[PDB]
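Colleague: Below is the file upload.cif, which contains mmCIF, N, CA and C atoms.
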data_model
loop_
_atom_site.label_atom_id
_atom_site.label_comp_id
_atom_site.auth_asym_id
_atom_site.auth_seq_id
_atom_site.Cartn_x
_atom_site.Cartn_y
_atom_site.Cartn_z
N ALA U 1 -0.59 28.54 37.22
CA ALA U 1 -1.71 27.71 37.73
C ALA U 1 -2.27 26.86 36.60
N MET U 2 -2.40 25.56 36.85
CA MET U 2 -2.80 24.59 35.83
C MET U 2 -1.76 24.57 34.71
N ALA U 3 -0.67 23.84 34.97
CA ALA U 3 0.53 23.86 34.13
C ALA U 3 1.28 25.17 34.30
N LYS U 4 2.55 25.06 34.70
CA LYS U 4 3.38 26.21 35.05
C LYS U 4 2.91 26.88 36.34
N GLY U 5 3.83 27.03 37.28
CA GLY U 5 3.52 27.72 38.52
C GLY U 5 3.93 29.18 38.46
N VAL U 6 4.64 29.64 39.49
CA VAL U 6 5.10 31.02 39.54
C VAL U 6 6.62 31.06 39.70
N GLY U 7 7.09 30.78 40.91
CA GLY U 7 8.51 30.81 41.18
C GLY U 7 8.91 32.00 42.02
N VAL U 8 9.21 31.75 43.29
CA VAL U 8 9.63 32.80 44.20
C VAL U 8 11.03 32.50 44.72
N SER U 9 11.72 33.52 45.18
CA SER U 9 13.04 33.34 45.77
C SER U 9 12.91 32.95 47.24
N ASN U 10 14.02 32.62 47.87
CA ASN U 10 14.01 32.23 49.28
C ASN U 10 13.71 33.44 50.16
N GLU U 11 13.87 34.62 49.57
CA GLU U 11 13.48 35.86 50.22
C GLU U 11 11.97 35.91 50.38
N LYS U 12 11.26 35.58 49.31
CA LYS U 12 9.81 35.50 49.37
C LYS U 12 9.39 34.30 50.21
N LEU U 13 10.26 33.30 50.25
CA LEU U 13 10.05 32.12 51.09
C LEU U 13 10.20 32.48 52.57
N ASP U 14 10.95 33.54 52.85
CA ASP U 14 11.13 34.01 54.22
C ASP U 14 9.96 34.89 54.64
N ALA U 15 9.42 35.62 53.67
CA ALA U 15 8.38 36.61 53.93
C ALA U 15 7.04 35.94 54.17
N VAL U 16 6.86 34.76 53.59
CA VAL U 16 5.62 34.02 53.74
C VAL U 16 5.46 33.47 55.15
N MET U 17 6.55 32.97 55.72
CA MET U 17 6.51 32.28 57.00
C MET U 17 6.01 33.21 58.11
N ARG U 18 6.30 34.50 57.99
CA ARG U 18 5.88 35.44 59.01
C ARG U 18 4.40 35.79 58.85
N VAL U 19 3.89 35.71 57.64
CA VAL U 19 2.47 35.95 57.42
C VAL U 19 1.70 34.75 57.94
N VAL U 20 2.29 33.59 57.72
CA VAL U 20 1.74 32.35 58.23
C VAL U 20 1.76 32.34 59.75
N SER U 21 2.87 32.77 60.34
CA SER U 21 3.01 32.75 61.80
C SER U 21 1.87 33.53 62.46
N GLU U 22 1.66 34.74 61.97
CA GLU U 22 0.61 35.62 62.47
C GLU U 22 -0.78 34.99 62.43
N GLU U 23 -1.17 34.50 61.26
CA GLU U 23 -2.54 34.05 61.06
C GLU U 23 -2.77 32.63 61.56
N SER U 24 -1.71 31.87 61.78
CA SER U 24 -1.85 30.52 62.29
C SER U 24 -1.79 30.51 63.82
N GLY U 25 -0.95 31.37 64.37
CA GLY U 25 -0.78 31.42 65.81
C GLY U 25 0.48 30.69 66.24
N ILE U 26 1.20 30.14 65.27
CA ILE U 26 2.42 29.40 65.55
C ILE U 26 3.61 30.34 65.42
N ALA U 27 4.40 30.43 66.47
CA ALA U 27 5.61 31.24 66.45
C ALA U 27 6.53 30.82 65.30
N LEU U 28 7.16 31.81 64.68
CA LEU U 28 8.05 31.58 63.54
C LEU U 28 9.14 30.56 63.89
N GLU U 29 9.58 30.58 65.15
CA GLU U 29 10.66 29.70 65.60
C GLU U 29 10.17 28.26 65.77
N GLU U 30 8.86 28.07 65.70
CA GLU U 30 8.28 26.74 65.85
C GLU U 30 7.72 26.26 64.52
N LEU U 31 7.77 27.13 63.52
CA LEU U 31 7.22 26.81 62.22
C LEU U 31 8.13 25.82 61.50
N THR U 32 7.74 24.56 61.56
CA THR U 32 8.48 23.49 60.91
C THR U 32 7.56 22.78 59.92
N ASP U 33 8.13 21.99 59.02
CA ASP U 33 7.33 21.27 58.02
C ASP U 33 6.44 20.22 58.67
N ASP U 34 6.67 19.98 59.96
CA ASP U 34 5.85 19.06 60.74
C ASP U 34 4.51 19.69 61.07
N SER U 35 4.44 21.02 60.98
CA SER U 35 3.21 21.73 61.28
C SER U 35 2.18 21.48 60.19
N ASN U 36 0.93 21.37 60.58
CA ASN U 36 -0.13 21.05 59.64
C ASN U 36 -1.25 22.06 59.78
N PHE U 37 -1.52 22.80 58.71
CA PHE U 37 -2.52 23.86 58.74
C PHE U 37 -3.88 23.33 59.20
N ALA U 38 -4.23 22.14 58.74
CA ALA U 38 -5.50 21.54 59.12
C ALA U 38 -5.46 21.00 60.54
N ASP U 39 -4.28 20.61 60.98
CA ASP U 39 -4.10 20.07 62.33
C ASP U 39 -4.16 21.19 63.35
N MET U 40 -3.71 22.36 62.94
CA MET U 40 -3.68 23.53 63.81
C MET U 40 -5.05 24.18 63.87
N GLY U 41 -5.92 23.81 62.94
CA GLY U 41 -7.27 24.35 62.93
C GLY U 41 -7.36 25.65 62.18
N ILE U 42 -6.70 25.71 61.03
CA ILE U 42 -6.76 26.89 60.18
C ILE U 42 -8.09 26.93 59.45
N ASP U 43 -8.96 27.85 59.88
CA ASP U 43 -10.30 27.94 59.32
C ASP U 43 -10.32 28.67 57.99
N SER U 44 -11.50 28.70 57.39
CA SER U 44 -11.75 29.39 56.13
C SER U 44 -11.30 30.85 56.20
N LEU U 45 -11.60 31.50 57.32
CA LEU U 45 -11.23 32.89 57.54
C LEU U 45 -9.71 33.06 57.43
N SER U 46 -8.97 32.39 58.30
CA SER U 46 -7.52 32.53 58.37
C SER U 46 -6.86 32.11 57.06
N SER U 47 -7.25 30.96 56.53
CA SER U 47 -6.62 30.43 55.33
C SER U 47 -6.81 31.35 54.13
N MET U 48 -7.90 32.12 54.14
CA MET U 48 -8.17 33.08 53.08
C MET U 48 -7.36 34.34 53.29
N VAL U 49 -7.26 34.75 54.55
CA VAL U 49 -6.55 35.96 54.92
C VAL U 49 -5.07 35.83 54.55
N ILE U 50 -4.51 34.66 54.82
CA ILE U 50 -3.12 34.39 54.51
C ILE U 50 -2.83 34.60 53.02
N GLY U 51 -3.55 33.88 52.16
CA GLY U 51 -3.33 34.01 50.73
C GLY U 51 -3.70 35.39 50.21
N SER U 52 -4.58 36.08 50.93
CA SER U 52 -4.93 37.45 50.59
C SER U 52 -3.74 38.37 50.85
N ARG U 53 -3.11 38.21 52.02
CA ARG U 53 -1.94 39.00 52.37
C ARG U 53 -0.82 38.76 51.38
N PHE U 54 -0.76 37.54 50.86
CA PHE U 54 0.21 37.21 49.83
C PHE U 54 0.10 38.19 48.67
N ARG U 55 -1.12 38.55 48.32
CA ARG U 55 -1.37 39.41 47.18
C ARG U 55 -1.15 40.88 47.52
N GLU U 56 -1.54 41.27 48.73
CA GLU U 56 -1.50 42.67 49.12
C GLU U 56 -0.15 43.07 49.70
N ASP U 57 0.30 42.32 50.69
CA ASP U 57 1.51 42.66 51.44
C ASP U 57 2.76 42.25 50.67
N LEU U 58 2.73 41.06 50.08
CA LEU U 58 3.88 40.54 49.36
C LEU U 58 3.78 40.81 47.87
N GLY U 59 2.57 40.82 47.34
CA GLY U 59 2.39 41.10 45.93
C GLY U 59 2.48 39.84 45.08
N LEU U 60 1.99 38.73 45.63
CA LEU U 60 2.01 37.45 44.94
C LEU U 60 0.76 37.29 44.07
N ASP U 61 0.96 36.89 42.81
CA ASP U 61 -0.16 36.66 41.90
C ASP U 61 -0.62 35.22 42.01
N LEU U 62 -0.78 34.77 43.24
CA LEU U 62 -1.11 33.38 43.53
C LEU U 62 -2.48 33.02 42.97
N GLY U 63 -3.51 33.74 43.42
CA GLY U 63 -4.86 33.49 42.97
C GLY U 63 -5.87 34.31 43.75
N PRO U 64 -7.13 34.38 43.30
CA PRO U 64 -8.16 35.18 43.96
C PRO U 64 -8.72 34.52 45.23
N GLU U 65 -8.86 33.20 45.23
CA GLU U 65 -9.47 32.50 46.36
C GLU U 65 -8.59 31.33 46.79
N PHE U 66 -7.29 31.60 46.88
CA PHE U 66 -6.33 30.60 47.32
C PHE U 66 -6.44 30.39 48.83
N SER U 67 -6.89 29.21 49.22
CA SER U 67 -7.13 28.90 50.62
C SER U 67 -6.25 27.76 51.09
N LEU U 68 -5.56 27.98 52.20
CA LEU U 68 -4.66 26.97 52.77
C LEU U 68 -5.44 25.88 53.49
N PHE U 69 -6.76 25.96 53.44
CA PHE U 69 -7.61 25.02 54.12
C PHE U 69 -8.00 23.88 53.17
N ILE U 70 -7.84 24.11 51.87
CA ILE U 70 -8.24 23.12 50.87
C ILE U 70 -7.14 22.90 49.84
N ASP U 71 -6.45 23.97 49.48
CA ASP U 71 -5.49 23.91 48.38
C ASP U 71 -4.08 23.68 48.90
N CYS U 72 -3.97 23.62 50.21
CA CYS U 72 -2.70 23.39 50.87
C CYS U 72 -2.95 22.61 52.15
N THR U 73 -1.93 21.93 52.64
CA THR U 73 -2.10 21.07 53.79
C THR U 73 -1.03 21.35 54.86
N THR U 74 0.21 20.94 54.61
CA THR U 74 1.29 21.20 55.55
C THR U 74 1.97 22.53 55.23
N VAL U 75 3.08 22.81 55.90
CA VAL U 75 3.78 24.07 55.70
C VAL U 75 4.60 23.99 54.43
N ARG U 76 5.30 22.87 54.25
CA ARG U 76 6.11 22.65 53.07
C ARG U 76 5.25 22.71 51.80
N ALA U 77 3.99 22.28 51.92
CA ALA U 77 3.06 22.33 50.80
C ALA U 77 2.92 23.75 50.25
N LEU U 78 2.94 24.74 51.15
CA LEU U 78 2.85 26.14 50.77
C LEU U 78 4.17 26.59 50.16
N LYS U 79 5.24 26.16 50.80
CA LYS U 79 6.60 26.45 50.36
C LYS U 79 6.83 26.02 48.91
N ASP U 80 6.68 24.74 48.64
CA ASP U 80 6.85 24.23 47.27
C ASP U 80 5.88 24.89 46.30
N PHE U 81 4.66 25.13 46.78
CA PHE U 81 3.58 25.69 45.95
C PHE U 81 4.03 26.98 45.26
N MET U 82 4.79 27.79 46.00
CA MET U 82 5.31 29.07 45.49
C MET U 82 6.12 28.89 44.21
N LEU U 83 6.89 27.81 44.14
CA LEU U 83 7.70 27.54 42.97
C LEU U 83 6.97 26.60 42.02
N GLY U 84 6.32 25.59 42.59
CA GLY U 84 5.63 24.60 41.78
C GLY U 84 6.57 23.50 41.33
N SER U 85 7.45 23.06 42.22
CA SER U 85 8.49 22.11 41.87
C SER U 85 8.01 20.69 42.10
N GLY U 86 6.74 20.58 42.39
CA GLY U 86 6.09 19.29 42.50
C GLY U 86 5.42 18.91 41.19
N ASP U 87 5.02 19.94 40.44
CA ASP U 87 4.29 19.78 39.18
C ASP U 87 3.06 18.89 39.39
N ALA U 88 2.38 19.11 40.50
CA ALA U 88 1.19 18.34 40.84
C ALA U 88 -0.01 18.80 40.02
N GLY U 89 0.08 20.01 39.49
CA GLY U 89 -0.98 20.54 38.67
C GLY U 89 -0.63 21.91 38.13
#
Represent the structure of the file as structure tokens.
Modeller:
Amino acid sequence: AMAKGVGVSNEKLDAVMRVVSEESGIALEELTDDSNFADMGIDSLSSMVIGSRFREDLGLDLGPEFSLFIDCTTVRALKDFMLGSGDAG
């Protein structure tokens, strides 16, 4: 975070989508990069719960208050974020 990201495998990339599916309400089979967390109405509650599960269920050292409502936008945004291959920050 703030120069250098983390880096997850496609296995962790698979595990995230199901946590997202649950808390977003979008079926895994419909989860495409066209989906937009803000467009779907992902509130503060859900967006916090998702990144929280990342830490507890998956064991991701993402961050303490990582919210998909502000720090992420689309689905791919979360995907790339895991690796940090955008080097946006």
Colleague: Could you state the separation of atom CA of residue U:89 and atom CA of residue U:28 in Å, given to one decimal place?
Modeller: 28.7 Å
Colleague: Please report the interatomic distance between atom N of residue U:22 and atom CA of residue U:1 in Å with one decimal.
Modeller: 25.5 Å
Colleague: Taking all atoms listed in the file into account, which of U:2, U:30, U:60, U:69 comes nearest residue U:48?
Modeller: U:69
Colleague: Run the PyMOL selection byres (((chain U and resi 5 and name CA) around 12) and name CA) mentally over the shown coordinates, then write out the matched residues as a list in words, using the chain letters and numbers from the document.
Modeller: residues 1, 2, 3, 4, 6, 7, 8, 60, 61, 62, 63, 80, 81, 82, 83, 84, 85, 86, 87, 88 and 89 of chain U
Colleague: Can you tell me how far atom CA of residue U:70 sits from atom CA of residue U:43, in Å to one decimal?
Modeller: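 Atom-to-atom, atom CA of residue U:70 and atom CA of residue U:43 are spaced 9.9 Å apart.
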Colleague: Apply the PyMOL selection byres (((chain U and resi 47 and name CA) around 10) and name CA) to the structure shown and report the selected residues as a PDB file with N, CA and C atoms, in the coordinates of the input.
Modeller:
ATOM      1  N   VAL U  20       2.290  33.590  57.720  1.00  0.00           N
ATOM      2  CA  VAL U  20       1.740  32.350  58.230  1.00  0.00           C
ATOM      3  C   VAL U  20       1.760  32.340  59.750  1.00  0.00           C
ATOM      4  N   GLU U  23      -1.170  34.500  61.260  1.00  0.00           N
ATOM      5  CA  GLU U  23      -2.540  34.050  61.060  1.00  0.00           C
ATOM      6  C   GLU U  23      -2.770  32.630  61.560  1.00  0.00           C
ATOM      7  N   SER U  24      -1.710  31.870  61.780  1.00  0.00           N
ATOM      8  CA  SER U  24      -1.850  30.520  62.290  1.00  0.00           C
ATOM      9  C   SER U  24      -1.790  30.510  63.820  1.00  0.00           C
ATOM     10  N   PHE U  37      -1.520  22.800  58.710  1.00  0.00           N
ATOM     11  CA  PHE U  37      -2.520  23.860  58.740  1.00  0.00           C
ATOM     12  C   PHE U  37      -3.880  23.330  59.200  1.00  0.00           C
ATOM     13  N   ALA U  38      -4.230  22.140  58.740  1.00  0.00           N
ATOM     14  CA  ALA U  38      -5.500  21.540  59.120  1.00  0.00           C
ATOM     15  C   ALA U  38      -5.460  21.000  60.540  1.00  0.00           C
ATOM     16  N   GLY U  41      -5.920  23.810  62.940  1.00  0.00           N
ATOM     17  CA  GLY U  41      -7.270  24.350  62.930  1.00  0.00           C
ATOM     18  C   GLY U  41      -7.360  25.650  62.180  1.00  0.00           C
ATOM     19  N   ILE U  42      -6.700  25.710  61.030  1.00  0.00           N
ATOM     20  CA  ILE U  42      -6.760  26.890  60.180  1.00  0.00           C
ATOM     21  C   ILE U  42      -8.090  26.930  59.450  1.00  0.00           C
ATOM     22  N   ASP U  43      -8.960  27.850  59.880  1.00  0.00           N
ATOM     23  CA  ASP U  43     -10.300  27.940  59.320  1.00  0.00           C
ATOM     24  C   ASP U  43     -10.320  28.670  57.990  1.00  0.00           C
ATOM     25  N   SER U  44     -11.500  28.700  57.390  1.00  0.00           N
ATOM     26  CA  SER U  44     -11.750  29.390  56.130  1.00  0.00           C
ATOM     27  C   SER U  44     -11.300  30.850  56.200  1.00  0.00           C
ATOM     28  N   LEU U  45     -11.600  31.500  57.320  1.00  0.00           N
ATOM     29  CA  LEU U  45     -11.230  32.890  57.540  1.00  0.00           C
ATOM     30  C   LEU U  45      -9.710  33.060  57.430  1.00  0.00           C
ATOM     31  N   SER U  46      -8.970  32.390  58.300  1.00  0.00           N
ATOM     32  CA  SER U  46      -7.520  32.530  58.370  1.00  0.00           C
ATOM     33  C   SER U  46      -6.860  32.110  57.060  1.00  0.00           C
ATOM     34  N   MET U  48      -7.900  32.120  54.140  1.00  0.00           N
ATOM     35  CA  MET U  48      -8.170  33.080  53.080  1.00  0.00           C
ATOM     36  C   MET U  48      -7.360  34.340  53.290  1.00  0.00           C
ATOM     37  N   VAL U  49      -7.260  34.750  54.550  1.00  0.00           N
ATOM     38  CA  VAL U  49      -6.550  35.960  54.920  1.00  0.00           C
ATOM     39  C   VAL U  49      -5.070  35.830  54.550  1.00  0.00           C
ATOM     40  N   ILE U  50      -4.510  34.660  54.820  1.00  0.00           N
ATOM     41  CA  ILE U  50      -3.120  34.390  54.510  1.00  0.00           C
ATOM     42  C   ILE U  50      -2.830  34.600  53.020  1.00  0.00           C
ATOM     43  N   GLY U  51      -3.550  33.880  52.160  1.00  0.00           N
ATOM     44  CA  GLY U  51      -3.330  34.010  50.730  1.00  0.00           C
ATOM     45  C   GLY U  51      -3.700  35.390  50.210  1.00  0.00           C
ATOM     46  N   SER U  52      -4.580  36.080  50.930  1.00  0.00           N
ATOM     47  CA  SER U  52      -4.930  37.450  50.590  1.00  0.00           C
ATOM     48  C   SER U  52      -3.740  38.370  50.850  1.00  0.00           C
ATOM     49  N   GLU U  65      -8.860  33.200  45.230  1.00  0.00           N
ATOM     50  CA  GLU U  65      -9.470  32.500  46.360  1.00  0.00           C
ATOM     51  C   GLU U  65      -8.590  31.330  46.790  1.00  0.00           C
ATOM     52  N   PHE U  66      -7.290  31.600  46.880  1.00  0.00           N
ATOM     53  CA  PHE U  66      -6.330  30.600  47.320  1.00  0.00           C
ATOM     54  C   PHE U  66      -6.440  30.390  48.830  1.00  0.00           C
ATOM     55  N   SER U  67      -6.890  29.210  49.220  1.00  0.00           N
ATOM     56  CA  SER U  67      -7.130  28.900  50.620  1.00  0.00           C
ATOM     57  C   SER U  67      -6.250  27.760  51.090  1.00  0.00           C
ATOM     58  N   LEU U  68      -5.560  27.980  52.200  1.00  0.00           N
ATOM     59  CA  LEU U  68      -4.660  26.970  52.770  1.00  0.00           C
ATOM     60  C   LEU U  68      -5.440  25.880  53.490  1.00  0.00           C
ATOM     61  N   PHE U  69      -6.760  25.960  53.440  1.00  0.00           N
ATOM     62  CA  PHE U  69      -7.610  25.020  54.120  1.00  0.00           C
ATOM     63  C   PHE U  69      -8.000  23.880  53.170  1.00  0.00           C
ATOM     64  N   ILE U  70      -7.840  24.110  51.870  1.00  0.00           N
ATOM     65  CA  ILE U  70      -8.240  23.120  50.870  1.00  0.00           C
ATOM     66  C   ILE U  70      -7.140  22.900  49.840  1.00  0.00           C
ATOM     67  N   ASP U  71      -6.450  23.970  49.480  1.00  0.00           N
ATOM     68  CA  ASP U  71      -5.490  23.910  48.380  1.00  0.00           C
ATOM     69  C   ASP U  71      -4.080  23.680  48.900  1.00  0.00           C
ATOM     70  N   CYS U  72      -3.970  23.620  50.210  1.00  0.00           N
ATOM     71  CA  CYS U  72      -2.700  23.390  50.870  1.00  0.00           C
ATOM     72  C   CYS U  72      -2.950  22.610  52.150  1.00  0.00           C
TER      73      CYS U  72
END
Colleague: I'd like to see the residues matched by the PyMOL selection byres (((chain U and resi 34 and name CA) around 9) and name CA) on this file, and ideally I'd get them as a ChimeraX atom specification.
Modeller: /U:31-33,35-36,74-76
Colleague: As a list in words, please: every residue in stretch 21-73 of chain U that a backbone DSSP assignment puts in alpha helix (DSSP H).
Modeller: residues 21, 22, 23, 24, 37, 38, 39, 40, 44, 45, 46, 47, 48, 49, 50, 51, 52 and 53 of chain U
